[PDB]
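Taken in sequence, the protein lines are chains A and B. With the entry's author numbering applied, the first sequence corresponds to residues 261 to 282, 289 to 409, 422 to 497, in that order. With the entry's author numbering applied, the second sequence corresponds to residues 260 to 282, 289 to 409, 422 to 498, in that order.
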Amino acid sequence: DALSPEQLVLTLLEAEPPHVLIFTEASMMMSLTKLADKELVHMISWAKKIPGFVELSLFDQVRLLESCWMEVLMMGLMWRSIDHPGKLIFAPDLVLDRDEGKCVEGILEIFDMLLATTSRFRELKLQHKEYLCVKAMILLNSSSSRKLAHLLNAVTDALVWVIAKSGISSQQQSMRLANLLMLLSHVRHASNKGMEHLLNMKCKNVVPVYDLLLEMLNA
Amino acid sequence: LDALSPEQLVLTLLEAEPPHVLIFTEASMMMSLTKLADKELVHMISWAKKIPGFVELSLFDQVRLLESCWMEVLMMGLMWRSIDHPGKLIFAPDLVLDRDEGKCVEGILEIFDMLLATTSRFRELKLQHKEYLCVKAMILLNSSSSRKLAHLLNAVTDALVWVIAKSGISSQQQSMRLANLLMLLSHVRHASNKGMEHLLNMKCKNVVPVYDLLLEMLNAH
Ligand SMILES: C[C@](O)(CN(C1CC1)S(=O)(=O)c1ccc(O)cc1)c1ccccc1
Ligand SMILES: C[C@](O)(CN(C1CC1)S(=O)(=O)c1ccc(O)cc1)c1ccccc1
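Structure representation (C-alpha cells):
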C-alpha cells in the first residue's frame, strides 16, 4: 500500500503509545515487570497501528513481536533518558540511576549498557522523527515475507527522508544513516543480555509471573 | 592518524584479505568444523592486524573486538564463499555441507537454515566484493582508544558509502542499498549468536584453541 514518506512518519507519530505512569531487592523487580507488562499491551496496539502490519501473516506478526519486545522497550527507555545524563527514565514518576541499580546483583551491567547507548544517541543528536523510524525498523527487521521486505523498505525510505529534511550533504546524510543503524546493534546487544537475565530471573522467581510478558518470555 | 582516501582504504582491505582454507560423520564432521574454525581464526587475527588503525587500538580492545565477532566474521566469510551456489554452504572446498547433512547434529540444521536464508538475501541484493570487504571489517569494528575505534569505523563506513556511490545510482537508491546490507548484518549477528550458544553447550576442548590464539596476540609475530 503506497504512500509518501512524509505521510508514513505522521501515521507513526500518531500510532505512538501513551506514557505509562507506574529501595529494596524484590520491590524494584515487580515495579519493572509491572511497567514492562503495562507497556507491552501498548506495544501490540502500536505494532497493529503500523501500516501493513496486520496484513502480514499471523506467524510473522507474532515471530516479529516475540523477537523484539525487549529491544523496542529498551529503545523507548533510550529516548525517554536522552536529555537526562546518568539517569534512566523508566516512567516519568519512577526514574533510576547507576547508584540506584546496585540493589540487585547482575542487573548493574545492563544499566551501564543502556546508559552508554543513550549517551551515544545523545551525541548523535537523535530527532523524534528519526527515532520513530528506528523503533519501527527494530520491530520489522528482528526476524508474507515479501510484504515485510516492502514494509521495511517503506520505513527505511521514511528514515532516509527524515535524514534529508535536516539539510545536510549526501556524504553526511549516508554517514548519519549508518551511524544510527550501527548503534542499533548495541541496542540489540543490551536487549539480549536483558533477555538472558529476565529468563534467568523467571528461573529464580525474584520476578513475578504476573501477565502478558510471561506469555512473551516462553516463546 | 590517517586522512587516507576511501578508494585507498578499499584497496588496503583487498590486500589484507586472508588465503582461503582447505582442510562423512556427525562429530568428526563437527570436529572438521572446529578444525576449520581454529585455522581460519589464525588468518583472521592476521587480517585484523592488517586493517589500517587496528594495531594503534588498545591491545585489550583488539582482543575484546576479535573475541566478540570471530564467529560472525567467519560466518560472513562463508556467506560470500556460498553467494553463487544456492542450497549449499561452502565451508571449505574439501568440506561442502548443505540442507541434507545438518540433521545429524543437535540444533545445527537450524543454524544452516539461518545461514542459507541470509546468503540468499545477500545474492538478491547482488552484493559486490568491495561492498562485502567494508561490511566484514565493520562487523569486526562495531561488535563492541574508544575514540580511535569510532574514527576507524567512520572510515570503513565512508569506504562503504563510496563503493555504494561508484555503482552509479540515485541518492535514494544509494542510501536504501546502504541500509539494506546494514540491516542484513543483524541477521548475520543473529545466526552468530545461535552458533555461539551451540558452541558454549559443547565441551571446552573446542573453545580453548580460540582463546589461546586470541591471547597469542602478544607480539612481535
Ligand atoms: C531493567 C530492565 O532493563 C527492565 N526491562 C525488563 C523488565 C522488562 S526493559 O525491557 O528494559 C524495560 C525498558 C523500558 C521500559 O519502559 C520497561 C521495561 C531489565 C533487564 C533485564 C532483566 C531485568 C530488568
Ligand atoms: C555449524 C557451525 O555454524 C560451524 N562454525 C564453527 C563451530 C565450527 S562456524 O562459526 O559457523 C563457521 C563459520 C565459517 C567457517 O568457515 C567455519 C565455521 C557451528 C557454529 C557453532 C557451534 C557449532 C557449529
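Each residue gets a CB set at the ideal place from its N, CA and C atoms; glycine is no exception.
### Query
So, is the C-beta of B/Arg424 closer than 9 Å to a C-beta in chain A?
Using a Cβ-Cβ cut-off of 9 Å, B/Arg424 does not count as an interface residue toward chain A, since no Cβ of chain A sits closer than that to its own.
### Query
Quick one: which chain B residues come within Cβ less than 9 Å of A/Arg466?
Listed along the chain, the chain B residues whose CB falls inside 9 Å of the CB of A/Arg466 are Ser463, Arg466 and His467.
### Task
Would you mind working out which of A/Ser409, A/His464, A/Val433 and A/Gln451 sits nearest B/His464, comparing C-alpha positions?
Nearest of A/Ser409, A/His464, A/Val433 and A/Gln451 to B/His464, Cα basis: A/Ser409.
### Query
What is the C-beta distance between B/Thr299 and B/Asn483, in whole angstroms, given that I count them as a contact (C-beta under 8 Å)?
Between B/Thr299 and B/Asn483 a beta carbon distance of about 5 Å is seen, short of the 8 Å cut, so the two are scored as contacting.
### Query
Between A/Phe356 and ligand 1, is the CB less than 8 Å from at least one heavy atom?
Within the cutoff, so yes.
### Task
With 8 Å as the limit, tell me which residues of the region 434 to 453 of chain A have their beta carbon closer than that to any beta carbon of chain B; keep them in chain order.
Within the region 434 to 453 of chain A, the residues whose Cβ lies closer than 8 Å to some Cβ of chain B are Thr434, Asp435, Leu437, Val438, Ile441, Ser448, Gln449, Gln451, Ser452 and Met453, listed in chain order.
### Task
List the endpoints of the continuous alpha helix (DSSP H) containing B/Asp378.
Annotation: the continuous alpha helix (DSSP H) that includes B/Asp378 extends over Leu374 to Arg388.
#### Entry: Beta carbon proximity, A/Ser264 to chain B, threshold 9 Å
No, no contact with chain B.
### Query
What separation, rounded to the nearest whole angstrom, lies between the Cα atoms of B/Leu322 and A/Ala302?
Approximately 39 Å between the Cα atoms of the pair.
### Message
On the criterion of 16 or more Cβ atoms from any shown chain inside 10 Å, does B/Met296 qualify as buried, or is it exposed?
### Response
Exposed: under 16 other Cβ atoms inside 10 Å.
### Straight-line gap, A/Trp345 to A/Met403 (C-alpha atoms, nearest Å)
Taking the straight line joining both Cα atoms gives about 15 Å.
### Task
Give a yes or no on whether 9 Å exceeds the smallest Cβ distance from B/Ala292 to chain A.
At a cut-off of 9 Å between beta carbons, B/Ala292 makes no contact with chain A.
### Query
According to the Cβ coordinates, are B/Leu458 and B/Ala313 closer than 9 Å?
Using a Cβ distance threshold of 9 Å, B/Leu458 and B/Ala313 do not count as a contacting pair.
### Message
If contact is defined by three or more beta carbon pairs under 8 Å, each pair taking one atom from either stretch, is the region 385 to 405 of chain A in contact with the region 367 to 374 of chain A?
### Response
By the criterion of at least three beta-carbon pairs nearer than 8 Å, the region 367 to 374 of chain A is not in contact with the region 385 to 405 of chain A.
### Message
Strictly under 9 Å for the Cβ-Cβ distance: is B/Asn457 near chain A by that measure?
### Response
Contact of B/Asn457 with chain A is assigned, a C-beta pair being separated by under 9 Å.
### Task
Could you check what DSSP says for B/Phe356 in three-state terms: helix, strand or coil?
DSSP places B/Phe356 in strand when its eight states are reduced to three.
### Query
For B/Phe377, is the beta carbon positioned less than 8 Å from some heavy atom of ligand 2?
Result yes, Cβ under 8 Å from ligand 2.
#### Entry: Close beta carbons around A/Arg386, own chain, < 6 Å, minus the five adjacent residues each side
Around A/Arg386: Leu461.
### Query
What are the boundary residues of the alpha helix (DSSP H) that B/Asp326 is part of?
Secondary structure note for B/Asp326: its alpha helix (DSSP H) is the uninterrupted segment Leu324 to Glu332.
### Task
Check each candidate in B/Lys425, B/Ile316 and B/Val328 and name the one with the smallest Cα separation from B/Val400.
Sorting B/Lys425, B/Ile316 and B/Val328 by C-alpha distance to the C-alpha of B/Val400 places B/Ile316 at the top.
### Span separating the alpha-carbon of A/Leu381 from that of B/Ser423
So the alpha carbons of these two residues sit roughly 16 Å apart.
### Message
Please list, in chain order, the chain B residues whose beta carbon lies closer than 8 Å to that of A/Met460.
### Response
Those are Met403, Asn407, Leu430, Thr434 and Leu459, listed as they occur along chain B.
### Chain-order list of residues whose beta-carbon lies under 8 Å from that of A/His350 (same chain, five-residue window excluded)
Hits under 8 Å: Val361.
### Query
Using a Cβ-Cβ cut-off of 6 Å (strictly less than) and excluding sequence neighbours within five positions of A/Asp489, which residues of its own chain qualify?
Cβ neighbours of A/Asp489 within its own chain (closer than 6 Å, five residues either side excluded): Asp303.
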